[PDB]
Structures are given as structure tokens and as C-alpha cells.
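The sequence lines fix the lettering, A, B, ..., with proteins before strands; numbering per chain opens at 1.
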Amino acid sequence: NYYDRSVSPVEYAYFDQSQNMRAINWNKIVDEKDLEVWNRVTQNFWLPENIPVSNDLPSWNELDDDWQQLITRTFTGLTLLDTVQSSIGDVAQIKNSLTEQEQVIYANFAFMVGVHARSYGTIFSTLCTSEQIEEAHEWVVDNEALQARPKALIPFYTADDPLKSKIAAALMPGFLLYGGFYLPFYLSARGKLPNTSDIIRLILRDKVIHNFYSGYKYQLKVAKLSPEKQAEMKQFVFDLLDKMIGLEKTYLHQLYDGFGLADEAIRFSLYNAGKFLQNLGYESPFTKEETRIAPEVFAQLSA
Amino acid sequence: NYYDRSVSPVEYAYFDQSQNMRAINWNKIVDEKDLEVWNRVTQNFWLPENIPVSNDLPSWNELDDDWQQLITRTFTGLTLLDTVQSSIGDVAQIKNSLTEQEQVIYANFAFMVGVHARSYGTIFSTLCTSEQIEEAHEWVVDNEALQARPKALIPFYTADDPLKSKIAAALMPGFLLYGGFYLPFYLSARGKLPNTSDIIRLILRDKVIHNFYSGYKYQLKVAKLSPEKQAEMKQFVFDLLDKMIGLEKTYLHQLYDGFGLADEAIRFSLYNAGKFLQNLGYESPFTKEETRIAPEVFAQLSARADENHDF
Ligand SMILES: [Ca+2]
Ligand SMILES: [Ca+2]
Ligand SMILES: [Ca+2]
Ligand SMILES: [Ca+2]
């Protein structure tokens, strides 16, 4: 068979030039799950201009400038994480793909996380002053606790270990932004910025698939390895998550300083840390008390 | 300003960690051409299942087995080129970007060239047999003349010269597929496979922008260089284009062997090679004789993509 004596271009480019290249074959595929995911993410295409964010203006004007600053800072910090994933993380996954279709799906992922970052800009353009926008960017650059999180993960993308890179790529949509996503759902539960929360739900519709898919592909690779190597990877995952939770807690306490929201946001974050672990095929160690989310906030998340 | 004392994440990851990272800023945009390009390519989003390719079955069934094989082979060859560009070429541009928005635009490009590759698959699904599809994949793998073309470009993508990578990136949508795109427009000028040509025009609506944009960013960077280095880069471009034209000629003569289309397709290719040079800010050396296209073919090439097919 032609497929077994040729390589995909990305394999040729970075791994093995001993054989000729094959064009992607969408008429006979290795993994049916790839077609399912491709169809879902492409049919879920959206742009922030299609949501009428201007209808949030009345409830935005109900919020004082401390709350407006918090929202702008929170979203600019999330923009940084999506910029990391769009420009480095998801594209780094292409060359480590198990299948041809996976290579194209990660290109979609990188683009759509781009759209996610773009959508916060749309929200800022509609509601914030130029100075509020600039202040938030200054604050993100100068916040060491914020910066520590992407600084810990980027090395896995630029290093040679495809499994560690995959774990980083799952952790970003699976965990790292949820502490910030707490804020819009907290607000929309109280009738504040309902249209912004519609953008957040379109973002999460994508991110939940990104986390699932990276976790699915992770499990396929690790299942082939020796028991000793599987244990080594499990240990790496739990150790890395433990570190990322430590950094996230420190950041969220600083982000929400004066507002009281940090401890609820941390529980909201840990609920998703559990879901991250579950999507890698591991069990969550976190208790119900540690992951408790208020019904009104959970209602916004699930809608 | 925060912008002048911070770096984008991709710069931090690969080139410079002396300063902290800045989030993309879509509110204060460095180059308005980025926003114009972003808006056009996103508004132009489409998927191949929206186009009714089943209406080509009557004209497809009129074609003999040789013509059906040629089309399947040609399109599978174009699929390979789009696979190279989606999985290697466009994403390699991201880390060499001049602006923040350019990083996101190349992510869009990589995805959409993925869709271009997907679209040939939808055509094959409707028109071709399993055997035709499999034969064409075998043919592409074993065709050395075909393979030589992407093999010439890939090393620039994985090497550390950003300008040479940029040129290779522009050469793909700007030149390399046109020898193949001659075929569907030759056919649709004779009333055959009309719905397939609608897909090709949607593909070209993207590729024309891809070539423009890479050429635009190339020109901005090379304008900052010394006259000597500008001369070195001009020489590299013409040398590389000369190599690629030689390889393209050899491949097209093999592809179209027995049909008599190779000389027309080569002129069609060289017309676009001249446009490739013009989009890099250079003068085309090719004559009107050498780039002559029939008006019935040019009318199919130059026709506007159908807005009905948009997502
Ligand atoms: Ca405004
Ligand atoms: Ca420890
Ligand atoms: Ca509290
Ligand atoms: Ca002829």
C-alpha cells in the first residue's frame, strides 16, 4: 500500500526523508474520530462581530471603574494565554500528529484560538476607553505572577519531547483560563454583561474540544509505552499540574485583590483541573468541597 | 510604551527572553493592511460541502478513463502541495512575523490551505471510484518529477533564513499550483466539470491573497536591508524561480503526456510566475508570447468566486 511506503510532508520535513511524500487522503482515513472533530470545529466557525456586544453598554455603565479595570485586566491576561497557544502551542502539535487529518485539525485550533484572542479586542473596542485598554496591557507585561504561568509551559512546546508538549497543549484550554472565565459568568449570573458571556460560551465550545482532542491523542501514544514509562508520564502530569495550580492561585489572588472573588475562582479553576485530568485518562484527586461552584455560575457555564 | 519594552510570545519562545510577554493588541494596530487582510480572509471562509459537485456527474461521465485519471492525478498532486503548505509552510511564517496580527493571519492561512486540500477530497468522493483515488495516491508518491518541487521548497521552511522562507511561502500560492489549475479551467471553458471550477475559484480567492500578503511582508523586510543584501536577495529569488520553473516544466510534460496540454499549461504557469515576481516588487522578464493564455481559459481563471458558496 502507498501509505505504508510514504510519509506525510511534515514527517518528511522534520523526521525522515528516506521515503517520498503522500498527499492527505480524506477518502480513506485512519481514525474516524478525526473526521468527527474536523466537522464539529469547522461547522462551529464564528467571528466576534456576529455578537451584539454593544447591548452590554447599559450594564457596563452600571459597573464602577475598579470593576471595569478588573474585567479589562482579566481579559487581557486571557488574551496573552490565547496568543501563546495560537502562535506557539497548537502549531507545535502539527509535526507530532498520529494521523494526517490531525495535522489539519491543529491548524484549525491555532486559527480559532486566534479568533478567541481577537474577540476580547472586540469587547474592548465596544466598551473600554483607550486608556483602560493600554493600562491593562501595561499591567499584564509587568505582572510577574501572570507571566510565570506561560513561562512554565512554553519550554515544553520548544523542546523535543512530544508527550510533554501534548500535555502542555491540553493544559492550556483544559485548565489555565478558567480562573479568568469565572469573572464573566459571575457577572452574567447577576445580569451584568450578558452578551460578553455569549462570546465566552462560543470560546468554551471550542476549548472543550481542544482539551478533549489533545487528551485523546495523548492517551493513544502513552497506551503504547511500557508500564514504567506510563508511570513516569503520569508522575510528570500530576507534578506539572500541582505547579500550575500553585502559580494560578498566586495569580488569581493578585488579580481579584479587593474583590473577594479569588477563592470562588480557584474552586472553579480546580473543577476544570479535574476535567483536564479526566481527559488524559487519569482520576481527579480533588474533593467536592475543593471544586464547589455556585448553581447560578454553573448555569452560565453549561448553557 | 509597554509595546516597546515587551515581546510577543512567539518572539519569547524562539528569539528573545530579555523582556516579558505582551498580549496581542487588536485595538492599537501597527499596520492597517493586516486588519484589511484579516477581515477579507475571515469573511471569505468557506467549506467544500457547500458547493454542489454532484451536478458535474453528467459531464464527468462523458469523459473517458484517461481524462478521468488525468484529473484525479492532477488534483492529488495539488493536494500534496496544499498539504506541504498547511502543515509546514504557513505555520513556519508565524515566528518570523513583523506584526502581532500577521502571526494570526498565517494561522488562518495554514487552516484555509488545509480546507483547499479537503476540497479535492470532496470532489473525489462525488466523482471518483476507490480504485481511481488509490491509483492517484500511488502515482503521486512514485512520481519523482512531482516530488522534486515540494522537496526544493521545504528546506527553506525548516532553515533559519526568514527571507528565504518567506519567498518559498509566496512561491507556493503564487506559482506552483497554476500548471495544475490550467486543467479545470480548460475543461470548464469546454462546458465540462463546471461546479469543480467554482471550488477552484474559491481556492484562488484565498491563494491570491496569500501570495499578495507574503510578497507584501517580503518587501517591507528587504527594504530595510543594505543595497548589497537587496541585490543578493533579488539574485536568490530569480535563481530559485528559474529552478522551480525547470522542475515544473518537467512535471507538467509528464502529467499531460498524450493529451497535448503541457505547452499551454506551461504558458499559463509562466503568466503566474510573472505575477509572483511583481508581487515581490520585481519586474517580470517573460514575454507576451511565452505567457499567452486563451481568452476562454482566462475568463474561467478571472471569474469572481460565487458569494453564494460562502459560509
Ligand atoms: Ca468604542
Ligand atoms: Ca513540588
Ligand atoms: Ca469570596
Ligand atoms: Ca498543445
Side-chain angles (χ1 to χ4, degrees), chain A residues 33 37 78 81 85 89-90 93 109 113 148-150 152-153 156 161-186 189 200-201 203-225 227-253 255-256 261-303:
Chain A
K33 192 66 66 173
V37 170
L78 297 192
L81 297 180
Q85 202 60 30
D90 289 336
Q93 305 317 296
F109 284 10
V113 184
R149 294 131 72 253
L153 300 177
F156 299 122
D161 191 309
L163 297 182
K164 295 180 178 175
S165 182
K166 188 60 62 187
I167 293 157
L171 190 137
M172 186 76 93
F175 171 66
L176 252 199
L177 289 82
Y178 280 95
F181 292 137
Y182 178 82
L183 178 57
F185 297 142
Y186 172 86
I200 302 304
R201 282 184 282 275
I203 290 168
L204 294 176
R205 190 171 67 173
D206 299 334
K207 295 208 176 286
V208 169
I209 298 182
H210 298 182
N211 172 59
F212 160 79
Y213 190 64
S214 291
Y216 170 77
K217 296 290 182 163
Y218 172 76
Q219 287 178 252
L220 292 180
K221 285 202 173 177
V222 301
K224 299 172 189 181
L225 305 184
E228 197 174 17
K229 286 190 170 168
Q230 288 189 42
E232 185 190 315
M233 293 314 305
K234 189 176 177 193
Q235 290 151 18
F236 169 86
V237 168
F238 279 84
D239 176 78
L240 177 56
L241 182 62
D242 182 51
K243 289 160 169 165
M244 296 310 296
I245 291 165
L247 298 170
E248 179 71 349
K249 283 172 180 172
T250 300
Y251 170 60
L252 296 177
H253 280 298
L255 177 60
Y256 296 120
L261 311 190
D263 62 325
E264 291 81 32
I266 284 158
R267 293 204 302 273
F268 189 83
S269 172
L270 291 184
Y271 176 69
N272 285 279
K275 288 163 66 170
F276 160 77
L277 287 174
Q278 289 164 355
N279 277 274
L280 298 184
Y282 304 126
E283 309 303 328
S284 177
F286 308 112
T287 58
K288 300 297 192 301
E289 179 256 290
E290 287 173 342
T291 59
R292 187 171 78 267
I293 301 164
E296 65 278 13
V297 173
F298 195 82
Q300 295 293 319
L301 176 57
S302 55

Any non-hydrogen side-chain atom of A/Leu252 less than 4.5 Å from a side-chain atom of A/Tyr182?
no
Non-hydrogen atoms of A/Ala189 and A/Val297 that approach each other most closely
CB-N, 4.4 Å
Heavy-atom check, side chain of A/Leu277 versus side chain of A/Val237, under 4.5 Å:
yes
Distance, nearest 0.5 Å, that separates OG of A/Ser214 from CG of A/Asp90:
6.5 Å
Here the gap from A/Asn211 atom CG to A/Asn279 atom CG, rounded to the nearest 0.5 Å, amounts to 4.5 Å
Rounded to the nearest 0.5 angstrom, the CD1-CD1 distance for A/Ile266 and A/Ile245 is 10.5 Å
Go through the steps to decide whether A/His210 and A/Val113 satisfy the test side chain to side chain contact (heavy atoms under 4.5 Å, CB included), and finish with yes or no.
CA-CA 10 Å; A/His210 298 182; A/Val113 184; 3.7 Å; yes
Could you walk me through whether A/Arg267 and A/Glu264 pass side chain to side chain contact (heavy atoms under 4.5 Å, CB included), step by step?
CA-CA 5 Å; A/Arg267 293 204 302 273; A/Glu264 291 81 32; 3.8 Å; yes
Rounded to the nearest 0.5 Å, the CD atom of A/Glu296 sits from the OH atom of A/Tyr186 at a distance of 9.5 Å
Starting at OG of A/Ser165, measure out to CG of A/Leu153 and round the result to the nearest 0.5 Å.
10.5 Å
Determine whether more than 12 heavy atoms belonging to other residues, nucleotides or ligands lie under 6.0 Å from atom NZ of A/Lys229.
no
So, do A/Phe156 and A/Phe236 have ring centers that fall under 6.0 Å from each other?
yes
In sequence, state the C-alpha distance, the side-chain angles, and the governing distance for A/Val222 and A/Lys234, and then conclude on side chain to side chain contact (heavy atoms under 4.5 Å, CB included).
CA-CA 10 Å; A/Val222 301; A/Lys234 189 176 177 193; over 6 Å; no
Closest contact, heavy atoms only, A/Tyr256 versus A/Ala265:
CE1-CB, 3.5 Å
Assess whether side chain to side chain contact (heavy atoms under 4.5 Å, CB included) is satisfied between A/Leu177 and A/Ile203, documenting all intermediate values.
CA-CA 11 Å; A/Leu177 289 82; A/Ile203 290 168; over 6 Å; no
So, the side chain of A/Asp242 versus the backbone of A/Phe238: is there a donor-acceptor pair under 3.5 Å, distance only?
no
Between A/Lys221 and A/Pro162, the two heavy atoms sitting closest are NZ-CB, 3.9 Å
Taking atom CG of A/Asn272 and atom CG of A/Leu204, what is their separation to the nearest 0.5 Å?
8.5 Å
If you take all heavy atoms of A/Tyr218 and A/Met233, which pair is closest and at what distance?
OH-CB, 3.5 Å
Tell me whether A/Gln93 contacts the main-chain N or O of A/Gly89 through its side chain, where contact means a donor paired with an acceptor under 3.5 Å.
yes
Do you know which two heavy atoms are closest between A/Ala273 and A/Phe286, and how far apart they sit?
CB-CE1, 3.7 Å
Under 30°, 30 to 60°, or over 60°: which ring-plane class applies to A/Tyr213 and A/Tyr216, parallel, tilted or perpendicular?
parallel
Would you say the side chain of A/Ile167 lies within less than 4.5 Å of the side chain of A/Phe276, judging by non-hydrogen atoms?
yes
On a heavy-atom basis, which atom in A/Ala170 and which in A/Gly215 lie closest, and how many Å separate them?
CB-N, 4.4 Å
Is the gap between the ring centers of A/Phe181 and A/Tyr178 under 6.0 Å?
yes
Output yes when a side-chain donor or acceptor of A/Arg201 lies under 3.5 Å from a complementary backbone atom of A/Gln300, and no otherwise.
yes
